[PDB]
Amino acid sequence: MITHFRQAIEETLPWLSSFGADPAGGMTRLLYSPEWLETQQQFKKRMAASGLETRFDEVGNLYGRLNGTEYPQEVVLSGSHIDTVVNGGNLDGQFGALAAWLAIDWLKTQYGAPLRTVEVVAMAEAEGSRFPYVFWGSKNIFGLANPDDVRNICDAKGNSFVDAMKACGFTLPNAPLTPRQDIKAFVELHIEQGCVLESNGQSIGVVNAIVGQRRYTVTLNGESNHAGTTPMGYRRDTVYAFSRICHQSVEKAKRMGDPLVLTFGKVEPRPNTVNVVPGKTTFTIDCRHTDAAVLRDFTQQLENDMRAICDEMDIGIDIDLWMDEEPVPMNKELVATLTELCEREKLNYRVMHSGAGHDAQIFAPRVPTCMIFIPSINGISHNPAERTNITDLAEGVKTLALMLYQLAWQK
């Protein structure tokens, strides 16, 4: 069975990874890009060929469905996001969608139709890496996505959300969607992304909680001027202002210690020229913690700090909080069932939280959910070198299969 999944992964992973392969390294498959569309089209086609009933929903989440014999109205769901960051790896997101499909297909062949319906899902986006919105895919599954929040947003190159979506053959809905009521449980297999499993020698992570997370886009407005003729004390330099903000804030975060993390990942000065004092800089903030209050208090302090610096420098600031998620626990009963499985199968597991966000955190408050981690070598992710031992991946798909067996082929 490990042998089967190994083979299946070796067969399909390289194939799936070709759609959105970036010449500059790794994967770049952003929400509603042509690469995004082609991935979902091809993936759909392969699931169909395997005998699954396939569909898009109104926003382009992809489903492969195998109907239940005794409770067709109850759905056990598994999968993950297909989107990536820029120059990402080929496991983050897509592996969990691929795995759910491989698990289901194998269960189908070994044990025939399930008692209750099982679905593979490949969700539209969870990376929040193209537009200033996150979890467009999963939020729509539960009608949590307000179309007003994306009707007026663009990517870095000025393409509107609405246009890109339409280019992929989807129409922005007029109002939030009807939330699904038929889901009994959701199970997301995913690479750990950090090195907790690898450094402690363990093979499977049983996730019991996911971190809280804020993302900001901040815009500094100063004055563009000549690099040579503008005396230093007359300047309104947005890159200098940005640097004080970044330097001071990272310093503060380092004093708070783990698990506070703080990242200034994207910086865009304008006009971005060697001999021009930059009169505008737009940058992002990503900040996370296991505790909601710590995350709130720390980030609010950061907002005050930024306003203080800017005010002192006579520079305009616009602070745009576009992701604000509470930490969420996984379902206790499902976490026990998973732990019990690991004990029974004699798996070398650990119980741990996720430092990454996942569609699972959107699911959790609405339907019973849990996550299975497998290791990430060197704790490298969002980097083309992201990789995992093939037997570890297979062990993950096996563990996923057994969980889905319990949940859908048993009453």
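One-based numbering along the sequence shown.
Checklist entry - Which has higher Cα B-factors on average according to the PDB entry: 358 to 366 or 345 to 353? => result Result: 345 to 353.
Checklist entry - Which is higher on average in the deposited entry, the C-alpha temperature factors of 257 to 265 or of 67 to 75? => result Higher of the two, by average CA B-factor, is 67 to 75.
Checklist entry - Highest Cα B-factor in the PDB entry belongs to which of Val250, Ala156, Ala122, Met232? => result If I rank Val250, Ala156, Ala122, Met232 by C-alpha B-factor, first place goes to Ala156.
Item to check | Residue selected from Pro329, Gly279, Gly169, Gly93 by maximal Cα B factor | outcome: Most elevated C-alpha B-factor of the set, per the entry: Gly169.
Item to check | Among modelled residues of the same chain, the CA temperature factor third for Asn275 | outcome: Its C-alpha B-factor, which the entry lists for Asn275, ranks in the lowest third among residues of this chain.
Checklist entry - Based on the entry's values, in what third of the chain does the Cα temperature factor of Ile82 lie: lowest, middle or highest? => result Bottom third by C-alpha B-factor.
Next on the checklist: How does the C-alpha B factor of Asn208 compare with the rest of the chain: lowest, middle or highest third?
Outcome noted: CA B-factor rank for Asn208: middle third.
Item to check | Relative C-alpha B-factor of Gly143, binned into the chain's lowest, middle or highest third | outcome: Middle third by C-alpha B-factor.
Item to check | Chain thirds of CA B-factor: placement of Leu197 | outcome: Middle third.
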